[PDB]
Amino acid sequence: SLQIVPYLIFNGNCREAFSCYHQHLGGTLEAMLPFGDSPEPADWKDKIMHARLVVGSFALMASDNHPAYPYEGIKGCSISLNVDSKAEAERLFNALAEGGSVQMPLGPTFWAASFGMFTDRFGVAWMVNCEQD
């Protein structure tokens, strides 16, 4: 009960973004549904009405912006990833960061064994964080 899940908004590259989240995060991509194959309007526009990536017991949901609403990227928050090992934190940091940019280089801080901040090439700010080992 009571499930809190982040819903994200891309400006057209949701399908590409989730496919990579999938590849690197694992889990099941329960949904990759285009506006075209839905009850929607706009024309030639089968971007993604809704998408759902489930990983163990967490979920990312997303959508390609409706072209009736101005688009600003993602700002107030980031998707933090608490992982169980340094190898995994490095592997994820490396995977999603490629192509994007790094706000805070991966490494130890006073609260974690490995931590970093970055935005991926589809505009999404992540944290990768491993406290343990």
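One-based numbering along the sequence shown.
According to the record, the deposited sequence contains no missing residues between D84 and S85, so the chain is continuous there. Judged by mean Cα B factor in the deposited record, 65 to 73 ranks above the other of 93 to 101 and 65 to 73.
The mean C-alpha temperature factor is higher for 42 to 50 when 76 to 84 and 42 to 50 are set side by side.
Residues shown: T119, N11, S19, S114. Highest C-alpha temperature factor in the entry: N11. Compared with the other modelled residues of the chain, the Cα B-factor recorded for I4 ranks in the highest third.
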